[PDB]
Structure formats: C-alpha cells, structure tokens
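Source file work.cif; content: mmCIF, C-alpha atoms.
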data_model
loop_
_atom_site.group_PDB
_atom_site.id
_atom_site.type_symbol
_atom_site.label_atom_id
_atom_site.label_comp_id
_atom_site.auth_asym_id
_atom_site.auth_seq_id
_atom_site.Cartn_x
_atom_site.Cartn_y
_atom_site.Cartn_z
ATOM 1 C CA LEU S 2 -11.358 35.991 -22.133
ATOM 2 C CA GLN S 3 -13.995 34.877 -19.613
ATOM 3 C CA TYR S 4 -15.227 31.457 -18.446
ATOM 4 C CA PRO S 5 -13.030 29.330 -20.751
ATOM 5 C CA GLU S 6 -13.595 25.575 -20.558
ATOM 6 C CA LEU S 7 -11.349 23.485 -18.315
ATOM 7 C CA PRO S 8 -8.430 22.397 -20.555
ATOM 8 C CA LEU S 9 -7.311 18.784 -20.910
ATOM 9 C CA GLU S 10 -4.717 17.635 -18.363
ATOM 10 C CA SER S 11 -6.147 20.040 -15.776
ATOM 11 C CA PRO S 12 -6.230 18.588 -12.230
ATOM 12 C CA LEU S 13 -9.486 17.440 -10.640
ATOM 13 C CA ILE S 14 -11.292 20.286 -8.886
ATOM 14 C CA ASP S 15 -12.367 18.855 -5.545
ATOM 15 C CA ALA S 16 -15.819 19.383 -4.067
ATOM 16 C CA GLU S 17 -17.845 18.027 -1.173
ATOM 17 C CA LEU S 18 -21.605 17.953 -1.679
ATOM 18 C CA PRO S 19 -24.724 16.248 -0.256
ATOM 19 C CA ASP S 20 -26.773 13.484 -1.911
ATOM 20 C CA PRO S 21 -30.519 14.113 -1.237
ATOM 21 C CA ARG S 22 -30.904 10.397 -0.469
ATOM 22 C CA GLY S 23 -28.473 10.787 2.416
ATOM 23 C CA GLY S 24 -24.835 11.479 3.210
ATOM 24 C CA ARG S 25 -22.158 13.744 1.760
ATOM 25 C CA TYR S 26 -19.490 12.910 -0.825
ATOM 26 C CA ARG S 27 -16.081 14.335 -1.724
ATOM 27 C CA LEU S 28 -14.903 14.047 -5.346
ATOM 28 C CA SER S 29 -11.402 13.106 -4.171
ATOM 29 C CA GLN S 30 -12.732 10.233 -2.014
ATOM 30 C CA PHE S 31 -13.301 8.060 -5.097
ATOM 31 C CA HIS S 32 -10.193 6.014 -5.812
ATOM 32 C CA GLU S 33 -11.139 4.032 -8.932
ATOM 33 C CA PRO S 34 -8.594 4.299 -11.804
ATOM 34 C CA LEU S 35 -10.972 6.593 -13.712
ATOM 35 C CA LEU S 36 -13.498 9.172 -12.497
ATOM 36 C CA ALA S 37 -16.449 10.499 -14.480
ATOM 37 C CA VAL S 38 -18.030 13.694 -13.153
ATOM 38 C CA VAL S 39 -21.341 14.406 -14.869
ATOM 39 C CA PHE S 40 -23.243 17.665 -14.531
ATOM 40 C CA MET S 41 -26.882 16.771 -14.984
ATOM 41 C CA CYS S 42 -30.407 17.278 -13.646
ATOM 42 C CA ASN S 43 -33.856 15.668 -13.745
ATOM 43 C CA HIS S 44 -35.865 17.850 -16.171
ATOM 44 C CA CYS S 45 -33.574 17.893 -19.208
ATOM 45 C CA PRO S 46 -34.637 15.589 -22.076
ATOM 46 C CA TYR S 47 -30.959 15.155 -22.992
ATOM 47 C CA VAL S 48 -30.309 13.716 -19.526
ATOM 48 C CA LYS S 49 -33.533 11.666 -19.623
ATOM 49 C CA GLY S 50 -32.567 10.072 -22.925
ATOM 50 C CA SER S 51 -28.997 9.293 -21.892
ATOM 51 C CA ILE S 52 -29.275 8.400 -18.189
ATOM 52 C CA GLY S 53 -30.009 4.766 -19.037
ATOM 53 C CA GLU S 54 -26.674 4.602 -20.854
ATOM 54 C CA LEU S 55 -24.867 6.527 -18.097
ATOM 55 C CA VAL S 56 -26.115 4.074 -15.461
ATOM 56 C CA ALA S 57 -25.313 1.110 -17.729
ATOM 57 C CA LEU S 58 -21.748 2.393 -18.193
ATOM 58 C CA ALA S 59 -21.409 2.851 -14.429
ATOM 59 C CA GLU S 60 -22.647 -0.721 -13.924
ATOM 60 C CA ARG S 61 -20.304 -2.179 -16.551
ATOM 61 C CA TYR S 62 -17.332 -0.267 -15.147
ATOM 62 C CA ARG S 63 -17.870 -0.861 -11.414
ATOM 63 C CA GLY S 64 -14.474 -0.731 -9.712
ATOM 64 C CA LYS S 65 -12.852 0.731 -12.843
ATOM 65 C CA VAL S 66 -14.683 4.029 -13.438
ATOM 66 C CA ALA S 67 -16.337 5.884 -10.574
ATOM 67 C CA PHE S 68 -19.365 7.929 -11.624
ATOM 68 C CA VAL S 69 -20.667 11.043 -9.879
ATOM 69 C CA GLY S 70 -23.693 13.060 -10.935
ATOM 70 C CA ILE S 71 -24.058 16.727 -9.967
ATOM 71 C CA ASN S 72 -27.250 18.792 -10.241
ATOM 72 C CA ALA S 73 -26.564 22.523 -9.896
ATOM 73 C CA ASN S 74 -29.861 23.733 -11.381
ATOM 74 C CA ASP S 75 -32.051 26.483 -9.954
ATOM 75 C CA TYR S 76 -34.860 24.319 -8.599
ATOM 76 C CA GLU S 77 -37.004 27.283 -7.558
ATOM 77 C CA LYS S 78 -37.443 28.104 -11.254
ATOM 78 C CA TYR S 79 -37.178 24.415 -12.261
ATOM 79 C CA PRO S 80 -39.150 22.446 -9.596
ATOM 80 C CA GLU S 81 -38.537 19.156 -11.436
ATOM 81 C CA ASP S 82 -34.876 19.542 -10.432
ATOM 82 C CA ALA S 83 -35.572 19.873 -6.691
ATOM 83 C CA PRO S 84 -33.649 17.699 -4.154
ATOM 84 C CA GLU S 85 -36.700 15.508 -3.441
ATOM 85 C CA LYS S 86 -37.119 15.004 -7.186
ATOM 86 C CA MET S 87 -33.440 14.025 -7.476
ATOM 87 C CA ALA S 88 -33.982 11.142 -5.052
ATOM 88 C CA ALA S 89 -37.023 9.954 -7.035
ATOM 89 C CA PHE S 90 -35.108 10.328 -10.323
ATOM 90 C CA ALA S 91 -32.275 8.226 -8.886
ATOM 91 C CA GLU S 92 -34.732 5.510 -7.850
ATOM 92 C CA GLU S 93 -36.538 5.592 -11.208
ATOM 93 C CA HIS S 94 -33.348 5.203 -13.248
ATOM 94 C CA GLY S 95 -31.306 3.045 -10.877
ATOM 95 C CA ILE S 96 -28.653 5.718 -10.324
ATOM 96 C CA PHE S 97 -26.657 3.715 -7.761
ATOM 97 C CA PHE S 98 -23.732 6.144 -7.807
ATOM 98 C CA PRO S 99 -23.745 9.483 -5.912
ATOM 99 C CA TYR S 100 -26.099 12.143 -7.301
ATOM 100 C CA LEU S 101 -25.095 15.420 -5.650
ATOM 101 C CA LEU S 102 -26.767 18.794 -5.203
ATOM 102 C CA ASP S 103 -24.659 21.890 -5.906
ATOM 103 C CA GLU S 104 -26.800 24.468 -4.097
ATOM 104 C CA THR S 105 -24.549 27.509 -4.647
ATOM 105 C CA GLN S 106 -23.682 26.437 -8.201
ATOM 106 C CA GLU S 107 -20.011 27.076 -7.320
ATOM 107 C CA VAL S 108 -18.876 23.607 -8.399
ATOM 108 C CA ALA S 109 -20.509 24.042 -11.810
ATOM 109 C CA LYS S 110 -18.764 27.439 -12.023
ATOM 110 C CA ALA S 111 -15.374 26.009 -11.003
ATOM 111 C CA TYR S 112 -15.664 23.395 -13.766
ATOM 112 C CA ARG S 113 -16.835 26.120 -16.149
ATOM 113 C CA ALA S 114 -19.688 23.777 -17.051
ATOM 114 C CA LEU S 115 -22.493 24.974 -19.325
ATOM 115 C CA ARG S 116 -24.834 22.094 -20.109
ATOM 116 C CA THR S 117 -26.569 18.918 -18.945
ATOM 117 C CA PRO S 118 -25.354 16.291 -19.413
ATOM 118 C CA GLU S 119 -21.725 17.456 -19.461
ATOM 119 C CA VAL S 120 -19.020 14.938 -18.578
ATOM 120 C CA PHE S 121 -15.514 15.430 -17.206
ATOM 121 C CA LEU S 122 -13.488 12.185 -17.279
ATOM 122 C CA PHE S 123 -10.297 12.004 -15.185
ATOM 123 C CA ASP S 124 -7.503 9.400 -15.223
ATOM 124 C CA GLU S 125 -5.364 7.720 -12.522
ATOM 125 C CA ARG S 126 -3.385 10.921 -11.938
ATOM 126 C CA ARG S 127 -6.751 12.696 -11.762
ATOM 127 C CA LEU S 128 -6.001 14.856 -14.792
ATOM 128 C CA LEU S 129 -8.738 15.689 -17.317
ATOM 129 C CA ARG S 130 -8.615 13.330 -20.309
ATOM 130 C CA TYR S 131 -12.053 13.718 -21.877
ATOM 131 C CA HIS S 132 -14.552 16.538 -21.675
ATOM 132 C CA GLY S 133 -17.882 16.812 -23.410
ATOM 133 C CA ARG S 134 -20.923 14.895 -24.586
ATOM 134 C CA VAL S 135 -22.174 11.516 -23.378
ATOM 135 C CA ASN S 136 -22.949 10.618 -27.015
ATOM 136 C CA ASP S 137 -23.929 12.399 -30.251
ATOM 137 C CA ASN S 138 -27.697 12.327 -29.575
ATOM 138 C CA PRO S 139 -28.387 12.312 -25.806
ATOM 139 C CA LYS S 140 -32.114 12.957 -26.146
ATOM 140 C CA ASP S 141 -32.747 10.006 -28.481
ATOM 141 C CA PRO S 142 -30.887 6.657 -28.053
ATOM 142 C CA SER S 143 -32.390 5.357 -31.304
ATOM 143 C CA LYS S 144 -30.573 8.104 -33.232
ATOM 144 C CA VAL S 145 -27.146 7.775 -31.592
ATOM 145 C CA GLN S 146 -24.251 7.112 -33.987
ATOM 146 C CA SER S 147 -21.367 7.793 -31.603
ATOM 147 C CA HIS S 148 -20.940 6.744 -27.961
ATOM 148 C CA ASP S 149 -18.255 9.289 -27.129
ATOM 149 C CA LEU S 150 -17.985 8.676 -23.379
ATOM 150 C CA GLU S 151 -17.826 4.893 -23.797
ATOM 151 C CA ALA S 152 -15.142 5.302 -26.478
ATOM 152 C CA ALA S 153 -13.083 7.586 -24.212
ATOM 153 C CA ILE S 154 -13.319 5.158 -21.284
ATOM 154 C CA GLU S 155 -12.340 2.180 -23.464
ATOM 155 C CA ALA S 156 -9.415 4.136 -24.899
ATOM 156 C CA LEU S 157 -8.138 4.982 -21.417
ATOM 157 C CA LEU S 158 -8.537 1.385 -20.235
ATOM 158 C CA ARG S 159 -6.253 0.363 -23.111
ATOM 159 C CA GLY S 160 -3.742 3.118 -22.339
ATOM 160 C CA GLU S 161 -4.659 4.935 -25.552
ATOM 161 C CA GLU S 162 -5.442 8.590 -26.137
ATOM 162 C CA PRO S 163 -9.185 9.288 -26.561
ATOM 163 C CA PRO S 164 -10.293 10.778 -29.944
ATOM 164 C CA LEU S 165 -8.349 13.957 -30.750
ATOM 165 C CA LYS S 166 -11.363 15.807 -32.168
ATOM 166 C CA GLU S 167 -13.184 17.524 -29.307
ATOM 167 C CA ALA S 168 -16.842 16.555 -28.876
ATOM 168 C CA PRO S 169 -18.411 19.258 -26.652
ATOM 169 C CA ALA S 170 -21.445 18.646 -24.471
ATOM 170 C CA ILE S 171 -24.858 18.323 -26.107
ATOM 171 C CA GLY S 172 -27.802 19.236 -23.912
ATOM 172 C CA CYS S 173 -29.902 21.809 -22.067
ATOM 173 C CA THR S 174 -28.057 24.784 -20.654
ATOM 174 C CA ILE S 175 -27.447 24.657 -16.897
ATOM 175 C CA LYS S 176 -30.134 26.679 -15.114
ATOM 176 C CA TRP S 177 -28.239 29.434 -13.339
ATOM 177 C CA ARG S 178 -29.676 31.252 -10.338
ATOM 178 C CA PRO S 179 -30.425 34.988 -10.784
ATOM 179 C CA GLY S 180 -27.074 36.734 -11.129
ATOM 180 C CA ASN S 181 -25.073 33.511 -11.491
ATOM 181 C CA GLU S 182 -25.142 33.469 -15.302
ATOM 182 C CA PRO S 183 -21.565 33.005 -16.569
ATOM 183 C CA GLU S 184 -20.495 35.871 -18.817
ATOM 184 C CA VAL S 185 -18.685 33.827 -21.460
ATOM 185 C CA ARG S 186 -16.210 35.776 -23.609
ATOM 186 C CA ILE S 187 -14.039 34.202 -26.302
ATOM 187 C CA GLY S 188 -11.395 36.910 -25.970
#

Please express the file's structure as structure tokens.
Amino acid sequence: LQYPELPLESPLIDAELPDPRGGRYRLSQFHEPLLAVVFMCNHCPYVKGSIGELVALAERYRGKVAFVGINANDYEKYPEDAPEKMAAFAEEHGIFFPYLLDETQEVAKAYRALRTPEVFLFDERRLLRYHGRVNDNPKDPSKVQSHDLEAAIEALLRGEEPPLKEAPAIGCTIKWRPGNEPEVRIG
C-alpha cells in the first residue's frame, strides 16, 4: 500500500507557505469553525470552471468557513501556473482568500493529493470531514447536477454528517516535478 488518501477524521496537516501577492500563511492560523483547503492551479479547466463557485462559497461563508488555495504545480513545465500568474489569476477571479505556492510539492504529498481542484474540509476540531470534488462537473457549471462541497459545508453547519457516499476529486492531475510522481499502490 502506497500513497493512500487521507482518511476521514484525520487531523489537519499544518503548513506554512507564501502567497505570491505578498506575505506567508500558516494553515493552523485560520480559526473559523470550518476550514477548506483546496489544491488547485491556474491552467486546469476544472479549476477555471469552478473557481467562480469556490470564490462565491468563500464570500457567502466569510467568518464561518476559511478557504485556502494551494498551487503545487511544476510551473517550469506549466508556465501558466507560475507565481506571477497566480497573482493575476487571483485578481481575475476575485480570490480574496490566501492562494499559496507549494514550491517543493511536500504539502501536496503530505495530503496525498492527486488532482486540481481537490478539497479537504475540516471541522472545529480540525478533523477531516469531507474530501473530494468541488462539484460533479467542475469544468462546466452549466452541466453541474451536484454541488458536493456546498452540501458538505451546509451539513456541517447544521451539525449533520455530510453524504456517506464518497465523491472523489474531479480534475486535472497535479503536475509533479521530475521524480516527485507519487507511486500509488492499492495494496
């Protein structure tokens, strides 16, 4: 067994990373009741088609759910995902929350993340309650039939358990640096 996904109820894995727009942020510094950590990037059409919703959710849940975006992509191979581009992407889509660069890709590895966008939602005790897709059709809002992340957040706000059926991330694979490709083994 190699690179298994982070199981539910697992504690938040802390990280301190820089935002290309300025400053550094620690995942544990956010004290809102809920915390949504989203591995993303700029180039991926799945992120492009769902970022509007992600930002809208962050806006609606200000003070209730803290959002943090993390780009761990190899920007030498994917120039559109470069730090300068991240700042421009944040401005273009109104990403008011922190959008962090994971240069070494170690945070993505620690979370055993595989795609963009991939969300990890934590509760008040900072234990993993929902892991997976933003919705069932990230690349095309017009074709979405399920808003998985919104449903999970609303469930948690009501003290309910999010949907039992796992809804894994839907999106482009994270762009690993040469030699950083996770050797996933089911057993």

Residues selected by the PyMOL selection byres ((chain S and resi 2) around 6), written as an MDAnalysis selection string: chainID S and resid 3 186:188

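A straight line drawn from atom CA of residue 179 of chain S to atom CA of residue 45 of chain S is 19.3 Å long.
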
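Counting from atom CA of residue 126 of chain S, the distance to atom CA of residue 153 of chain S is 16.0 Å.
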
Result set, the PyMOL selection byres ((chain S and resi 172) around 10) on current file, as a PyMOL selection string: chain S and resi 41+45-48+115-119+134-135+138-140+169-171+173-175

Residues selected by the PyMOL selection byres ((chain S and resi 11) around 6), written as a PyMOL selection string: chain S and resi 8-10+12+128-129

Excluding same-chain residues fewer than 3 positions from segment 101-103 of chain S, what lies within 7 Å of it counting all atoms listed in the file, as a short mmCIF file (atom, residue, chain, number, x, y, z; two decimals) with C-alpha atoms, in the frame of the given file?
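Below is the file that was written, around_12.cif:
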data_model
loop_
_atom_site.label_atom_id
_atom_site.label_comp_id
_atom_site.auth_asym_id
_atom_site.auth_seq_id
_atom_site.Cartn_x
_atom_site.Cartn_y
_atom_site.Cartn_z
CA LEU S 18 -21.60 17.95 -1.68
CA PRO S 19 -24.72 16.25 -0.26
CA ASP S 20 -26.77 13.48 -1.91
CA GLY S 70 -23.69 13.06 -10.94
CA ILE S 71 -24.06 16.73 -9.97
CA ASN S 72 -27.25 18.79 -10.24
CA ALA S 73 -26.56 22.52 -9.90
CA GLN S 106 -23.68 26.44 -8.20
CA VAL S 108 -18.88 23.61 -8.40
#

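Take the candidates S:124, S:54, S:82, S:182 and check each one against residue 94 of chain S using all atoms listed in the file; the shortest distance goes to S:54.
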
Polymer residues at most 8 Å from residue 75 of chain S, only C-alpha atoms, same-chain spacing of 5 or more positions, as a list in words: residues 82, 176, 177 and 178 of chain S

Export of prior selection with C-alpha atoms as an mmCIF file, in the coordinates of the input:
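What ended up in result02.cif:
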data_model
loop_
_atom_site.group_PDB
_atom_site.id
_atom_site.type_symbol
_atom_site.label_atom_id
_atom_site.label_comp_id
_atom_site.auth_asym_id
_atom_site.auth_seq_id
_atom_site.Cartn_x
_atom_site.Cartn_y
_atom_site.Cartn_z
ATOM 1 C CA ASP S 82 -34.876 19.542 -10.432
ATOM 2 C CA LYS S 176 -30.134 26.679 -15.114
ATOM 3 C CA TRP S 177 -28.239 29.434 -13.339
ATOM 4 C CA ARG S 178 -29.676 31.252 -10.338
#

Counting all atoms listed in the file, the residue of S:37, S:42, S:52, S:88 that sits nearest residue 125 of chain S: S:37

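We find atom CA of residue 55 of chain S and atom CA of residue 107 of chain S to be spaced 23.7 Å apart.
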
Repair of segment 42-68 of chain S at the level of N, CA, C and O atoms, as a CSV table (one decimal), in the frame of the given file:
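Final file, selection.csv:
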chain,number,residue,atom,x,y,z
S,42,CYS,N,-29.2,16.8,-14.4
S,42,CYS,CA,-30.4,17.3,-13.6
S,42,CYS,C,-31.5,16.3,-13.9
S,42,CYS,O,-31.3,15.2,-14.6
S,43,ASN,N,-32.7,16.6,-13.5
S,43,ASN,CA,-33.9,15.7,-13.7
S,43,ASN,C,-34.7,16.0,-14.9
S,43,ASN,O,-35.2,15.2,-15.6
S,44,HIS,N,-35.0,17.3,-15.1
S,44,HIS,CA,-35.9,17.8,-16.2
S,44,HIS,C,-35.4,17.7,-17.6
S,44,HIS,O,-36.3,17.6,-18.5
S,45,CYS,N,-34.1,17.9,-17.9
S,45,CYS,CA,-33.6,17.9,-19.2
S,45,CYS,C,-33.8,16.6,-20.0
S,45,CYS,O,-33.4,15.5,-19.6
S,46,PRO,N,-34.4,16.8,-21.2
S,46,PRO,CA,-34.6,15.6,-22.1
S,46,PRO,C,-33.3,14.9,-22.6
S,46,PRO,O,-33.3,13.8,-23.0
S,47,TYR,N,-32.2,15.7,-22.6
S,47,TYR,CA,-31.0,15.2,-23.0
S,47,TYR,C,-30.4,14.2,-21.9
S,47,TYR,O,-29.8,13.2,-22.2
S,48,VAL,N,-30.7,14.6,-20.6
S,48,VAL,CA,-30.3,13.7,-19.5
S,48,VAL,C,-31.2,12.5,-19.5
S,48,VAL,O,-30.8,11.4,-19.4
S,49,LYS,N,-32.5,12.8,-19.6
S,49,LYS,CA,-33.5,11.7,-19.6
S,49,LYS,C,-33.3,10.6,-20.7
S,49,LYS,O,-33.4,9.4,-20.4
S,50,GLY,N,-32.8,11.0,-21.8
S,50,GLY,CA,-32.6,10.1,-22.9
S,50,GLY,C,-31.2,9.4,-22.9
S,50,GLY,O,-31.0,8.4,-23.6
S,51,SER,N,-30.3,9.9,-22.0
S,51,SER,CA,-29.0,9.3,-21.9
S,51,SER,C,-28.7,8.7,-20.5
S,51,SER,O,-27.6,8.0,-20.4
S,52,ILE,N,-29.5,8.9,-19.5
S,52,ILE,CA,-29.3,8.4,-18.2
S,52,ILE,C,-29.2,6.9,-18.2
S,52,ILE,O,-28.5,6.3,-17.4
S,53,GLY,N,-30.0,6.2,-19.0
S,53,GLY,CA,-30.0,4.8,-19.0
S,53,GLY,C,-28.6,4.3,-19.4
S,53,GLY,O,-28.1,3.4,-18.8
S,54,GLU,N,-28.0,4.9,-20.4
S,54,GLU,CA,-26.7,4.6,-20.9
S,54,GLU,C,-25.6,4.9,-19.8
S,54,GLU,O,-24.7,4.1,-19.5
S,55,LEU,N,-25.8,6.1,-19.2
S,55,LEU,CA,-24.9,6.5,-18.1
S,55,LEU,C,-24.8,5.5,-17.0
S,55,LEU,O,-23.8,5.1,-16.5
S,56,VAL,N,-26.0,5.1,-16.5
S,56,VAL,CA,-26.1,4.1,-15.5
S,56,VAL,C,-25.5,2.7,-15.9
S,56,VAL,O,-24.8,2.1,-15.1
S,57,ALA,N,-25.8,2.4,-17.2
S,57,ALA,CA,-25.3,1.1,-17.7
S,57,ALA,C,-23.8,1.1,-17.8
S,57,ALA,O,-23.1,0.1,-17.5
S,58,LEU,N,-23.2,2.3,-18.1
S,58,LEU,CA,-21.7,2.4,-18.2
S,58,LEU,C,-21.2,2.3,-16.8
S,58,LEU,O,-20.2,1.6,-16.6
S,59,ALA,N,-21.8,2.9,-15.8
S,59,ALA,CA,-21.4,2.9,-14.4
S,59,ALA,C,-21.5,1.4,-13.9
S,59,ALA,O,-20.6,1.0,-13.2
S,60,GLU,N,-22.5,0.7,-14.3
S,60,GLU,CA,-22.6,-0.7,-13.9
S,60,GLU,C,-21.5,-1.6,-14.5
S,60,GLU,O,-20.9,-2.4,-13.8
S,61,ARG,N,-21.3,-1.4,-15.8
S,61,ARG,CA,-20.3,-2.2,-16.6
S,61,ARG,C,-18.9,-1.9,-16.0
S,61,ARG,O,-18.1,-2.8,-15.9
S,62,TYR,N,-18.6,-0.7,-15.7
S,62,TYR,CA,-17.3,-0.3,-15.1
S,62,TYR,C,-17.2,-0.2,-13.6
S,62,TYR,O,-16.3,0.5,-13.2
S,63,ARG,N,-18.0,-0.9,-12.9
S,63,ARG,CA,-17.9,-0.9,-11.4
S,63,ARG,C,-16.4,-1.3,-11.0
S,63,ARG,O,-15.9,-2.2,-11.5
S,64,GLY,N,-15.8,-0.5,-10.1
S,64,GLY,CA,-14.5,-0.7,-9.7
S,64,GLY,C,-13.4,-0.2,-10.6
S,64,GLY,O,-12.2,-0.2,-10.3
S,65,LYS,N,-13.8,0.2,-11.8
S,65,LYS,CA,-12.9,0.7,-12.8
S,65,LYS,C,-13.1,2.2,-13.1
S,65,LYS,O,-12.1,3.0,-13.1
S,66,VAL,N,-14.3,2.6,-13.2
S,66,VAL,CA,-14.7,4.0,-13.4
S,66,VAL,C,-15.7,4.4,-12.4
S,66,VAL,O,-16.8,3.8,-12.4
S,67,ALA,N,-15.4,5.4,-11.6
S,67,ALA,CA,-16.3,5.9,-10.6
S,67,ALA,C,-17.2,7.0,-11.2
S,67,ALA,O,-16.6,7.9,-11.9
S,68,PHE,N,-18.5,6.9,-11.1
S,68,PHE,CA,-19.4,7.9,-11.6
S,68,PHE,C,-19.9,8.8,-10.5
S,68,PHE,O,-20.3,8.3,-9.4
